[PDB]
Ligand SMILES: Nc1ncnc2c1ncn2[C@@H]1O[C@H](COP(=O)(O)OP(=O)(O)O)[C@@H](O)[C@H]1O
Ligand SMILES: Nc1ncnc2c1ncn2[C@@H]1O[C@H](COP(=O)(O)OP(=O)(O)O)[C@@H](O)[C@H]1O
Ligand SMILES: Nc1ncnc2c1ncn2[C@@H]1O[C@H](COP(=O)(O)OP(=O)(O)O)[C@@H](O)[C@H]1O
Ligand SMILES: C[S@](=O)(CC[C@H](N)C(=O)O)=NP(=O)(O)O
Ligand SMILES: C[S@](=O)(CC[C@H](N)C(=O)O)=NP(=O)(O)O
Ligand SMILES: C[S@](=O)(CC[C@H](N)C(=O)O)=NP(=O)(O)O
Ligand SMILES: [Mg+2]
Ligand SMILES: [Mg+2]
Ligand SMILES: [Mg+2]
Ligand SMILES: [Mg+2]
Ligand SMILES: [Mg+2]
Ligand SMILES: [Mg+2]
Ligand SMILES: [Mg+2]
Ligand SMILES: [Mg+2]
Ligand SMILES: [Mg+2]
């Protein structure tokens, strides 16, 4: 790991002139202040301050002073006067860590895993995105960047150059990129990168979204991670591939098993399934998230698992060994990555600690099953809208405890205001259906 | 009470050349075929047919032949060239039995349950509010309301005076007893009140009222709508259903010894309305948009409660006594099928009487500003928050399900489940505005 | 006076098909419901009801039922199926008169005058108005109907036909019209009518405004009684000419006096002056009212009186006998006529009852006096804005008592919301002055 002295040294060597101190609000939005390198020693002394009452989910105006403590291992130089980055943890002025810090929330849950002997939670996220064209002014239009489809080539796929420049920038920043391709829906794109320990994976999701939007704009496009920008075509998921490790060993892997899944893996999966409905408000946190969780678009809407199957909530991909993993498919890229990893880890650990029995897999296209069949086989549904998910979240002591009292209370208040504003709108669909009929 | 010979005579007297045979589909939409007067004897002979598979909620393509039996007492000439009259018809199957899914037959069935308990009439006074929108050169509505006036305003703040006045003149030529007309609370919103009538006639008059309003509004270059909530942030349109039971000429809801003038029968009736309020919401508030009106702060109900002279609760008792003593059920909106709405409210009320239900305490506050904590304290239930929740309550209610009958219930549920599922998968512009640049 | 039986009879004789039951909200806005003549007997039985929670200043949603009791002497037929009118008083369902009814408030103050022996308060109001052109859609533009001036003729004055049709309609409705002319500002107009007892004068102001706006629209124009629609030109006043009578005798008249003013007249004037600042919130009730009360436009802004002088708050016109009167010039036509007459009568009566000493007149152009001179002669200012006027209103027990507790509390709450909304706006003037300067 880097020391204080290492950062000073490297900042001079690479001639860094500016440093961004970055952190994440409750809703997952990245935030930063930029300081000249003359201030780097002040920043490393943990003395930078900000207004916590202007950051969503943090504190109130009457006790608004908060501090940034940089995590020196997050040091990296931006490719696009040299600018560098430090991701920071949030502290109160009395020196204690801030309970509502999403990154601290993940670290707290990860300590629970370490005490059970798991040295790391490895996470490979797949944050899909759409690219929209922009007008003369630079705002997004309703027109997608192309009308291509899954694995298409140019000129059907017009995202090749934009995705490739994203990849080159991510690689200069230390990402191990695995693949790049057009996704199923028009104007939809995917760039995959190697799994990493959970905190780093969530840091990389934040950085990934930032690089994607920055490069998209240089190409005259607008990138969005909105879960379902368009009816009738695929939405964008952020599948969270997960495994637990003991130093070097993927403990989810058992070569004697049919699917390569250890008993620990199956208990973990059972925990994800058990608490699926209760974590949905965190993994699928917008009104629009539930427009993606509709049947027929390779997004889940029922609580089930199956191997090599893209209809259920959990897929077990058809590979084994170090790549043995649980693919939880319901999160979308609007989820706060720190909170989403935290609640899924706590749900998985509860499954392990209580040795929860794994339900039988649903080895079929779950979308074409009737409600009758779903009831016969005891297949629950994911929540149908944000309000229902929120009601399940507050009733869950396991998921509530993951979040802690502060984030839970702020998250619920924000989302109840969001839902009440949505629910009272009169949408154009209603005018089209009813204005001339009634 | 008109005979066939009366209708023949009157059509000649008035020089009627065409007759509309009118009826109502399951969702409340009026339907008709127009016949020349040369065909009137065939129509009075109950021989007119139609395709029941093309009328929402009736029958399937493989069993699609259906008959119209005119109700002779619904005869009226339209006042607005070659004279046109109408008859409202009941729906019959080719074997001669009345169609189980006919909304007008459904209300008549429930009314017979009232008659056997001694009540000779259910008197109903509906207040169907509506908006007037301007139209473009092609005649379709724009987003602009006809005016920006408000409650009881005068011209030129209220620009609907002439349109409302001509509606009133046409309705009175058609035998309506008009009581009042005024601008309502929201911009471009209007109200025309007419005297209560027995339930079937009241529902027939609701169907006729909506037709005349839309026809005259179009003559004035406007588009009338009974959509419950066309615009966020201003009042929606309700159809308050004022209700009383009579024994020949006596209003059995009236008791002068009572502080509000309500008899014990009225109080039991109200208790049945409140008991079944959530279960009949899908009928009285049958669209997705209905539930954007059932939000607090706009004189539409949100919570299941009653109060005197209070416009915040579900039931208001107006500060009138005597023949005008009544129960104002405020939650229906003018998208409700009037025959089905009256049928389920009547059934709920009668169930409250047969079971001698205890009437909850009144909520004598602005219920909108009560905290959720206070509302649980008093045990005030909520109306369903959306159409899907309303449908779930409907199919679980034996009392409301049996008001509708097996046929209408099954078709209503199938239609509305499809409607809900279509709405719930849409991505609305609000979502793009909130999320496309934030995420 | 008319009886119930008289109204039924006349309604049949003149073939009236519809009746408007009219009344006035707290802010002076006329309101009505239209009933078919079949309902006339119900209306005369005092059984018509309305939602008092939708009428500004009346009652709350939880006790919203209110009743209309028509005043049979207000019967009149509209000129423009015959429609008639009845002005109504407001009652609660328990049968008591509604304390917040502006017309009942005036009648209550008038009872105070009758007990002192004055049989009527005669009031001649001069409600000036502007006419604006309208667009293709019918909304007002910024363009006035003409660019004429005081007493101008066509084609400089383009309001002649519109004013003349207003006059003809008012005369068919029983008005005694006295004069019609273009006023000082472009597009500004005046129609005068004979004084009447106070309640009738206020009824006639309501009817006058309605006829003016109706006929203006038939001519493709928009009439407004806004006090000051345009900077730098005259605003619109509603001068309230006032006198007290004993049966037939103008008690303000004394032929032995220099100005023809009785001692009663001078005490009344002293009361108006004493409470000028305290009644301003009622006589000048909008934010815009105080844009008219600026110097140089024949509107008052200082508390003073003078004969044949159009600079002060009170003018004594140069005529005597039955036309001896006190012209209170500060009210504008946005004032509720019932409340405005009520507070000025109560102020005048307080002057009589306390035999208040009349200050010396200010026989000069008061606009060109320096602040120093104004202080030397003890000339107070009218309030500078609505907020200051409201603060003076609540501190006045004489004017507060005129209004009664209900109207006072609703009026203050409405106007404090109005003022707080105005005071936080950022106006274009501020952008023009400061956006490029700072
Ligand atoms: N043991 C593991 N634990 C967690 N993630 C893993 C593991 N092995 C591989 N992954 C990651 O899972 C993700 C798979 O993404 P992708 O190749 O898009 O899969 P698919 O499209 O089949 O879902 C990659 O980020 C990959 O690095
Ligand atoms: N006994 C009664 N039963 C049913 N309806 C009645 C009865 N008495 C009056 N009504 C009706 O109730 C309705 C009241 O409507 P409206 O006058 O708009 O009342 P509000 O606006 O006060 O709710 C009218 O249709 C009236 O005829
Ligand atoms: N004794 C009186 N009391 C009240 N008003 C009066 C009396 N005599 C005349 N008036 C009225 O005063 C008003 C004078 O208006 P106007 O002729 O426009 O006067 P000016 O333009 O000079 O102010 C008229 O309504 C007139 O009828
Ligand atoms: C072909 S897809 O299966 C698309 C998934 C969809 N966009 C969703 O999760 O909403 N995803 P993957 O990258 O896992 O193969
Ligand atoms: C003033 S209002 O109270 C408006 C009610 C509202 N439009 C609704 O029921 O949605 N109705 P009413 O005619 O009963 O007085
Ligand atoms: C010439 S004017 O003096 C105009 C008065 C001005 N409009 C005002 O009172 O604001 N009025 P009047 O009709 O009294 O002669
Ligand atoms: Mg993938
Ligand atoms: Mg994918
Ligand atoms: Mg995947
Ligand atoms: Mg009404
Ligand atoms: Mg109404
Ligand atoms: Mg009503
Ligand atoms: Mg004048
Ligand atoms: Mg003048
Ligand atoms: Mg004057």
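Note: ideal-geometry Cβ built from the backbone for every residue, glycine included; neighbour counts use all protein chains shown. Each value in this text was obtained by applying a stated rule to the coordinates, not by laboratory testing.
Could you check segment B:255-335 for helices (runs of 4 or more DSSP H) lying wholly inside it with 1 or more residues that are away from ligand 13 (no atom under 16 Å from the Cβ) and more than 19 Å from the chain's Cα centre (by Cα)? Before the answer, list the steps.
Numbers: elements: B:264-275, B:277-284, B:290-293.
Where helices (runs of 4 or more DSSP H) fall fully within segment B:255-335 and carry at least 1 residues being away from ligand 13 (no atom under 16 Å from the Cβ) and more than 19 Å from the chain's Cα centre (by Cα), they are B:264-275.
Give me the pairs: first residue in segment B:410-439 and facing another protein chain (nearest Cβ under 9 Å), second residue in a helix (DSSP H, G or I), beta-carbon distance under 6 Å, and six or more apart or on different chains, which are they?
Listed pairs, sorted by first residue: B:426/A:429; B:427/A:291.
So residue A:152 fits all but one of (1) surrounded by 18 or more Cβ atoms within 10 Å (Cβ to Cβ); (2) closer than 19 Å to residue A:224 by Cβ; (3) over 20 Å from the mean Cα position of the chain (by Cα); what number is the exception?
Among (1) surrounded by 18 or more Cβ atoms within 10 Å (Cβ to Cβ); (2) closer than 19 Å to residue A:224 by Cβ; (3) over 20 Å from the mean Cα position of the chain (by Cα), residue A:152 violates only (2).
Could you list all residues from segment A:309-323 that are within 14 Å of ligand 9 (Cβ to nearest atom) and in contact with a strand residue (DSSP E or B) (Cβ under 7 Å, 6 or more places away or on another chain)? Reasoning before the result, please.
In the first step, residues of segment A:309-323 are kept if they are within 14 Å of ligand 9 (Cβ to nearest atom); the result is A:309-319, A:323.
Once the filter is applied, which keeps residues that are within 14 Å of ligand 9 (Cβ to nearest atom) and in contact with a strand residue (DSSP E or B) (Cβ under 7 Å, 6 or more places away or on another chain), segment A:309-323 yields A:309, A:312, A:313, A:314, A:315, A:316, A:317, A:318.
Could you say whether any residue in segment A:299-320 is within 16 Å of ligand 8 (Cβ to nearest atom), surrounded by fewer than 23 Cβ atoms within 10 Å (Cβ to Cβ), under 30 Å from residue B:425 (Cβ atoms) and within 14 Å of chain B (Cβ to nearest Cβ)?
No, that holds for no residue.
Could you tell me which of the residues C:287, C:368 is touching a helix residue (DSSP H, G or I) at 6+ places or on another chain (Cβ under 6 Å) and away from ligand 4 (no atom under 16 Å from the Cβ)?
Details: C:368 fails: touching a helix residue (DSSP H, G or I) at 6+ places or on another chain (Cβ under 6 Å).
Result: C:287 is the single residue among C:287, C:368 that is touching a helix residue (DSSP H, G or I) at 6+ places or on another chain (Cβ under 6 Å) and away from ligand 4 (no atom under 16 Å from the Cβ).
Out of (1) closer than 30 Å to residue B:110 by Cα; (2) more than 10 Å from chain C (Cβ to nearest Cβ), what's the single condition that is false for residue B:222?
(1)
What residue, among those in segment B:238-254 that are in a loop (DSSP other than H, G, I, E, B) and more than 15 Å from the chain's Cα centre (by Cα), is nearest to residue B:314 (Cα to Cα)?
Filtering segment B:238-254 down to residues in a loop (DSSP other than H, G, I, E, B) leaves B:238, B:248-249, B:252-253.
Of the ones still in play, those that are also more than 15 Å from the chain's Cα centre (by Cα) are B:248-249, B:252-253.
On the way: B:248: 28, B:249: 28, B:252: 22, B:253: 18 Å.
Going through the qualifying residues, I end up with B:253.
Filter segment B:196-208 down to the residues that are part of a helix (DSSP H, G or I) and within 15 Å of ligand 12 (Cβ to nearest atom), then identify the one that is farthest from residue B:141 (Cα to Cα). Outline the logic, then answer.
First, pick out the residues of segment B:196-208 that are part of a helix (DSSP H, G or I): B:199-208.
Still in the running and within 15 Å of ligand 12 (Cβ to nearest atom): B:202, B:206.
Numbers: B:202: 29, B:206: 23 Å.
Residue satisfying both the conditions and the ranking: B:202.
Could you please find all residues in segment A:324-352 being in contact with a strand residue (DSSP E or B) (Cβ under 8 Å, 6 or more places away or on another chain) and away from chain B (no Cβ under 14 Å)?
Residues satisfying the conditions are A:324, A:325, A:326, A:327, A:328, A:329, A:338, A:341, A:344, A:345, A:348.
Look through B:141, B:126 and report the one residue that is touching a helix residue (DSSP H, G or I) at 6+ places or on another chain (Cβ under 6 Å) and either within 15 Å of ligand 10 (Cβ to nearest atom) or over 24 Å from residue C:22 (Cα atoms) (or both). Step through it out loud before you land on a result.
Working: B:141 fails: touching a helix residue (DSSP H, G or I) at 6+ places or on another chain (Cβ under 6 Å).
One residue alone meets the criteria, B:126.
How many residues are in a strand (DSSP E or B) and closer than 23 Å to residue A:15 by Cα when one looks only at segment A:37-78? Before you say what the answer is, go through the steps one by one.
At the first step, the residues of segment A:37-78 found to be in a strand (DSSP E or B) are A:48-51, A:65-70, A:76-77.
Okay, now just the ones that are also closer than 23 Å to residue A:15 by Cα, so A:48, A:69-70, A:76-77.
Residues flagged as in a strand (DSSP E or B) and closer than 23 Å to residue A:15 by Cα within segment A:37-78 amount to 5.
Which members of segment B:176-189 meet the condition of being farther than 19 Å from residue A:437 by Cβ and either surrounded by 22 or more Cβ atoms within 10 Å (Cβ to Cβ) or in contact with a helix residue (DSSP H, G or I) (Cβ under 9 Å, 6 or more places away or on another chain) (or both)? Give the derivation first.
Step one: filter segment B:176-189 for residues farther than 19 Å from residue A:437 by Cβ, giving B:176-187.
Within segment B:176-189, B:176, B:177, B:178, B:179, B:180, B:181, B:182, B:183, B:184, B:185, B:186 qualify.
Restricting to segment B:26-47, count the residues that are crowded, with 19+ Cβ neighbours inside 10 Å and over 13 Å from residue B:84 (Cβ atoms).
5
Considering only segment B:258-287, state which residues are surrounded by fewer than 23 Cβ atoms within 10 Å (Cβ to Cβ) and within 14 Å of another protein chain (Cβ to nearest Cβ).
Hits for segment B:258-287 are B:259, B:260, B:261.
Hand me the list of strands (runs of 3 or more DSSP E) wholly inside segment A:95-195 holding 3 or more residues that are more than 14 Å from chain B (Cβ to nearest Cβ), away from ligand 13 (no atom under 16 Å from the Cβ) and under 18 Å from residue A:331 (Cβ atoms). First the steps, then the outcome.
On the way: elements: A:120-127, A:129-134, A:140-144, A:177-182, A:188-193.
Correct list: A:120-127, A:188-193.
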